[PDB]
Amino acid sequence: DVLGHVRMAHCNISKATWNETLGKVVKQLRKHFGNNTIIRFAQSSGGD
Amino acid sequence: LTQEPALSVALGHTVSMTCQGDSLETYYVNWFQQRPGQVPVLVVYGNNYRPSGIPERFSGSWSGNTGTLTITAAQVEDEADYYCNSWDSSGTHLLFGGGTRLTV
Amino acid sequence: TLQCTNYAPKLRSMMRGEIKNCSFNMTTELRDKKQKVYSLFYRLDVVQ
Amino acid sequence: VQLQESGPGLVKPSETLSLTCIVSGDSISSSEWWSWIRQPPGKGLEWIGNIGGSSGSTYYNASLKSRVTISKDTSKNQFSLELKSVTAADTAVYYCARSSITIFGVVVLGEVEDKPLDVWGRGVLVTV
Ligand SMILES: *[C@@H]1O[C@H](CO)[C@@H](O[C@@H]2O[C@H](CO)[C@@H](O[C@@H]3O[C@H](CO[C@H]4O[C@H](CO)[C@@H](O)[C@H](O)[C@@H]4O)[C@@H](O)[C@H](O[C@H]4O[C@H](CO)[C@@H](O)[C@H](O)[C@@H]4O[C@H]4O[C@H](CO)[C@@H](O)[C@H](O)[C@@H]4O)[C@@H]3O)[C@H](O)[C@H]2NC(C)=O)[C@H](O)[C@H]1NC(C)=O
Ligand SMILES: *[C@@H]1O[C@H](CO)[C@@H](O[C@@H]2O[C@H](CO)[C@@H](O[C@@H]3O[C@H](CO)[C@@H](O)[C@H](O)[C@@H]3O)[C@H](O)[C@H]2NC(C)=O)[C@H](O)[C@H]1NC(C)=O
Ligand SMILES: *[C@@H]1O[C@H](CO)[C@@H](O[C@@H]2O[C@H](CO)[C@@H](O)[C@H](O)[C@H]2NC(C)=O)[C@H](O)[C@H]1NC(C)=O
Ligand SMILES: *[C@@H]1O[C@H](CO)[C@@H](O)[C@H](O)[C@H]1NC(C)=O
Ligand SMILES: *[C@@H]1O[C@H](CO)[C@@H](O)[C@H](O)[C@H]1NC(C)=O
Ligand SMILES: *[C@@H]1O[C@H](CO)[C@@H](O)[C@H](O)[C@H]1NC(C)=O
Ligand SMILES: *[C@@H]1O[C@H](CO)[C@@H](O)[C@H](O)[C@H]1NC(C)=O
C-alpha cells in the first residue's frame, strides 16, 4: 500500500546555475564550431 | 445520477444515503446539505474530506460507482435536503442528483 | 497471467494510471498449494 | 470570503435577465472556478454554467447553453450571467459560487485536488 497520497518522483535543478553552466558549455563548443554558429540544445528523440 | 428520494430516521440514529452513477468511476462524490430556505453548503468533498465547520457525524465512501454519506446518530439540526454532486465524464462540471429528503 | 486494475482510479496528477493493482496465484512452499497475492506494479513494468 | 448577488428581480417573458455577482475579501484572478447555479422552488441545485477566474475559459449546461452567456470583469472583481429569452422555467433562485483547489504535492505535476463549491453567496430570487 501507499501510506498517503500517490506522488510522482522528480528532480530539482536550480535554473540560474544550469543557465550559467550551459552558457559555459556553449562557449567551449563555439571554440570548435565557430564564433557565429548558432548552438541549439534539444531533447533526445528516438530510442527506448 | 440517481439517489434515494427520501429517508426516514428516528432522532439519534445513524443514516446512510447512497447515490449511483457512471461518472463516479473517475470522479469523487461531493455531498451537499441544504436546509429548506437556507443557502446550501459543502458537507463531504474529494477523498472523504470534511470541510471545517461540519460536525464529525458526516462521513462517507466512494467505493465502486456509488457514493455514500453516513451521518452517525443523526440530529434534528441535520434535517435538510442532501445532494450527491459530481462532474460529468465529458468534463462538464454538472451531474447532480435529484436529492434525498431526509426526515429525522 | 495477472489481473489488474488501477491503483488510484481517481487521481489527476501525472501518476494517473502509473500504478496498477494486480492479482495473481503465484506458488507456495508446498507444491500442492496456491495462494492469492495482490501487489502494486508500475505501468512501465507491465505489458497488456 | 463573502459573495453577494443582485439583479432585475421581476422580468417579463422573452426579456433578457442580467445578474451580477460581487465579492468581498478575494480576487477573481486566482486559479479558481466561478459558477452560476439555478434552483427553482421545487427542484435541486441545477448548475447554469461557469467561468475560470484566471483564464476566462467557460463551460455551460448543454440544455441551456445556446441562450446563456457568462462573463467576468477582472476590474471590480465582478461576474455576470446574461440569460436570453427568459421563460416561466427561470422563476428560480440564482446563486453564484466558487470552487477551490487544494495542494498536497507539486503544483506543476498536477498534484492538486478539487473542492468544487467552497463558498456560496446568498443568491437572488427572480420572477418572470
Ligand atoms: C522542487 O521544487 C518544488 C517547488 O518548485 C517543490 O514543490 C513544493 O513541495 C512542497 C512539499 O514538499 C509543497 O508544499 C505543500 O504546499 C501546500 C500549499 O501550501 C499552502 O498552504 C500552506 C499551509 O501551511 C502555506 O504555508 C503555504 O504558504 C501555501 O499557502 C500545502 O497544503 C502542503 O501541505 C500539506 O501536506 C503537508 C505534508 O507535509 C502536510 O503537513 C500539510 O498539513 C498539508 O496536508 C494535506 O493533507 C492533510 C491530510 O490530513 C489535509 O488535512 C491538508 O488539508 C492537506 O490537504 C505542502 O505544504 C509545495 O507547495 C510545492 N511547491 C510547488 C510550487 O509545487 C518540490 O518539493 C521540490 N523538490 C525537491 C526534491 O527539492
Ligand atoms: C440543465 O441541465 C439539466 C440536465 O443535467 C436539466 O435538468 C433537467 O430538467 C428537467 C426539467 O424539469 C427535468 O425534468 C423533470 O424531472 C422531474 C424529476 O422529479 C419530473 O418530476 C418532471 O416532470 C420533469 O420530468 C429533468 O429531470 C432534469 N434532469 C436532470 C436534473 O438530470 C436542467 O433543466 C438544465 N437547466 C436548464 C435551465 O435548462
Ligand atoms: C487491490 O484491490 C483489491 C480489491 O480488488 C483490494 O482488496 C480489497 O481491500 C478492501 C479494503 O480496502 C477489502 O474490504 C476487500 O475485501 C479486499 N478484496 C479482496 C478480494 O481481498 C486490495 O487491497 C488492493 N490492493 C491494495 C494494495 O490496496
Ligand atoms: C538541494 O537541497 C539542499 C539542502 O539539502 C539545498 O540547499 C539546495 O538548494 C537544494 N537544491 C535544489 C536545486 O533545490
Ligand atoms: C540565461 O537565460 C536567458 C533566457 O532568455 C538567455 O537569454 C541567457 O543567454 C542565459 N544565460 C545567461 C548567462 O544569462
Ligand atoms: C573567436 O573569438 C576569439 C576571441 O575571444 C578569437 O580569438 C577567435 O579567433 C575567434 N574565432 C573566429 C573563428 O572568429
Ligand atoms: C487463480 O487460480 C484460480 C484457479 O484455482 C483462478 O480461478 C483465478 O482466476 C486465478 N487468479 C488470477 C488472478 O488469475
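The numbers here are math on the coordinates, done by the rules we state, and not lab data. For neighbour counting, all protein chains shown are included, and Cβ atoms are generated from backbone atoms with ideal geometry for every residue, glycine included.
Details
- Hey, B:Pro51 within 11 Å of chain D (Cβ to nearest Cβ), without any contact (Cβ under 8 Å) to a residue 60 or more places away in the chain and within 19 Å of D:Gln39 (Cα to Cα) or not: no
- For region D:99-118, filtering for residues that are closer than 12 Å to A:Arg7 by Cβ and in contact (Cβ under 8 Å) with a residue 40 or more places away in the chain leaves 0.
Yes/no per residue for (1) assigned to a strand (DSSP E or B); (2) in contact with a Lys or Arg (Cβ under 7 Å, 6 or more places away or on another chain):
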| site | (1), (2) |
| --- | --- |
| D:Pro13 | no, no |
| D:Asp26 | no, no |
| D:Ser29 | no, no |
| D:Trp34 | yes, yes |
| D:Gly42 | no, no |
| D:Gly49 | yes, no |
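- Only one of the listed residues (B:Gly98, B:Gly67) is part of a loop (DSSP other than H, G, I, E, B), under 12 Å from the mean Cα position of the chain (by Cα) and of a type in the set (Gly, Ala, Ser). That residue is B:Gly98.
- Pairs meeting the criteria (first residue in region C:1-13 and touching a residue at least 40 places away in the same chain (Cβ under 8 Å) and in a strand (DSSP E or B), second residue charged (D, E, K, R) and away from ligand 6 (no atom under 16 Å from the Cβ), beta carbons under 6 Å, at least 6 apart or on different chains) are C:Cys4/C:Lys20.
- Counted as qualifying within region D:74-128 are the strands (runs of 3 or more DSSP E) with 1 or more residues that are away from every other protein chain (no Cβ under 14 Å), namely D:78-83.
- Flag if D:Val23 is in contact (Cβ under 8 Å) with a residue 12 or more places away in the chain, buried (at least 16 other Cβ atoms within 10 Å of the Cβ) and away from every other protein chain (no Cβ under 14 Å): yes
- Residue ID - farthest from ligand 2 (Cβ to nearest atom), chosen from residues in region C:25-48 that are among the hydrophobic types (A, V, I, L, M, F, W, C) and not in a loop (DSSP other than H, G, I, E, B): C:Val37
- Search result, residues across region B:29-47 that are part of a loop (DSSP other than H, G, I, E, B), within 11 Å of another protein chain (Cβ to nearest Cβ) and surrounded by fewer than 23 Cβ atoms within 10 Å (Cβ to Cβ): B:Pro36, B:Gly37, B:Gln38, B:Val39, B:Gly46, B:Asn47
- Residue in region A:12-31 that is farthest from ligand 5 (Cβ to nearest atom), counting only those that are free of Cβ contacts under 8 Å to residues at least 12 places away in the same chain, of a type in the set (A, V, I, L, M, F, W, C) and more than 14 Å from chain D (Cβ to nearest Cβ): A:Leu29
- Flag for B:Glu56 being surrounded by fewer than 19 Cβ atoms within 10 Å (Cβ to Cβ), of a type in the set (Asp, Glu) and part of a loop (DSSP other than H, G, I, E, B): yes
- Conditions (1) assigned to a helix (DSSP H, G or I); (2) within 16 Å of ligand 1 (Cβ to nearest atom); number of the one not met by A:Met8: (1)
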